[PDB]
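Novice:
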Ligand SMILES: *[C@@H](O)[C@@H]1CCC(=O)NCCn2cc(nn2)C[C@H](NC(=O)OCc2ccccc2)C(=O)N[C@@H](CC2CCCCC2)C(=O)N1
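In this note's numbering, the protein residues as written are 39 to 211.
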């Protein structure tokens with residue numbers, strides 16, 4: 039199970055969520071980012087290094103924003119067949135992890151936008167029956183997996199079919 043400190047990195051952002059990889063690095067899905075703003079988390083644009091492509095957005099803040107956190111490994115997707123957890127939070131603070139089996143990393147077009155991403159299949163047998171990943175507010179949620187005693191983040195939720203049975207996370211190139 040993703041531990042409490044890992045969930046504490048999942049942060050409401052724009053029209054979805056993002057995730058603190060370290061005290062200075064925040065990741066999210068590009069389409070959830072607010073536009074026309076002068077700051078993120080109170081920090082001026084001039085103090086943030088932005089790197090975004092293919093629906094993956096990274097912010098690197100000049101100041102330590104979340105010094106409570108260790109830096110963890112961010113990878114460009116994961117090996118095919120990895121089971122990830124998508125760390126979906128809801129507005130109440132309820133935690134709703136979504137288990138997904140990952141498939142190929144590829145560049146694909148979704149609603150006319152380039153997504154550099156990794157597809158995956160919802161695991162019906164590892165999830166409670168109910169709309170995880172299939173509402174706009176769930177985009178940006180991180181895809182994580184445990185490697186040894188360490189958690190790795192490898193993408194951010196970007197897309198899913200109507201049913202939610204097939205998902206895509208954006209990945210950092
Ligand atoms: C977070 O903003 C959204 C999470 C997905 C979601 O809520 N899905 C349920 C509703 N829905 C959306 C779509 N269809 N149903 C459109 C699109 N999904 C899609 O194209 O699936 C087919 C598919 C094709 C190839 C590979 C995998 C699946 C989708 O999810 N769109 C996405 C917004 C776009 C915005 C512009 C950049 C890329 C994502 C979305 O609704 N995400």
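Ideal Cβ placement from N, Cα and C applies to all residues, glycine included.
Going along the chain, which residues of its own chain have a beta-carbon closer than 7 Å to the beta-carbon of residue 164, five neighbours each way excluded?
Specialist: 137
Novice: Taking the alpha-carbon of residue 128 as reference, which of 45, 40, 41, 121 has the nearest alpha-carbon?
Specialist: 45
Novice: If we ignore side chains and look at the alpha-carbon of each, how far apart do residue 168 and residue 148 end up?
Specialist: 25 Å
Novice: Just how far apart, CA to CA, sit residue 140 and residue 191?
Specialist: Taken atom to atom, the span from the alpha-carbon of residue 140 to that of residue 191 is near 13 Å.
Novice: Taking 9 Å as the threshold (C-beta atoms), are residue 61 and residue 117 in contact?
Specialist: no
Novice: My understanding is that residue 194 touches residue 65, with C-beta atoms under 8 Å, so please give their C-beta distance in whole angstroms.
Specialist: 6 Å
Novice: Rounded to whole angstroms, how far is the Cβ of residue 265 from the Cβ of residue 123, which I believe are closer than 8 Å?
Specialist: In this structure the chain extends from 39 to 211, so residue 265 is not present and cannot be described.
Novice: Using 10 angstroms around the beta-carbon of residue 59, count the other beta-carbons present and answer buried if the total reaches 16, otherwise exposed.
Specialist: buried
Novice: Kindly indicate which residue of 90, 126, 49 has the alpha-carbon position closest to the one of residue 169.
Specialist: Relative to residue 169, the option among 90, 126, 49 whose CA is nearest is 126.
Novice: If you run the structure through DSSP and keep just helix, strand and coil, what is residue 174?
Specialist: helix
Novice: Can the beta-carbon of residue 54 be found closer than 9 Å to that of residue 67?
Specialist: yes
Novice: Near residue 107, which residues of its chain fall below 7 Å by C-beta distance, leaving aside the five closest residues on each side in sequence?
Specialist: 47, 58, 60, 61, listed in sequence order.
Novice: Write down the C-beta distance between residue 51 and residue 178 rounded to the nearest angstrom, noting that I regard them as a contact closer than 8 Å.
Specialist: 6 Å
Novice: Would you report the Cα separation of residue 175 and residue 181, rounded to the nearest angstrom?
Specialist: 15 Å
Novice: Residue 70: which of 94, 85, 63 sits nearest, CA to CA?
Specialist: 94
Novice: If we ignore side chains and look at the alpha-carbon of each, how far apart do residue 185 and residue 145 end up?
Specialist: For residue 185 and residue 145, the distance between alpha carbons rounds to 26 Å.
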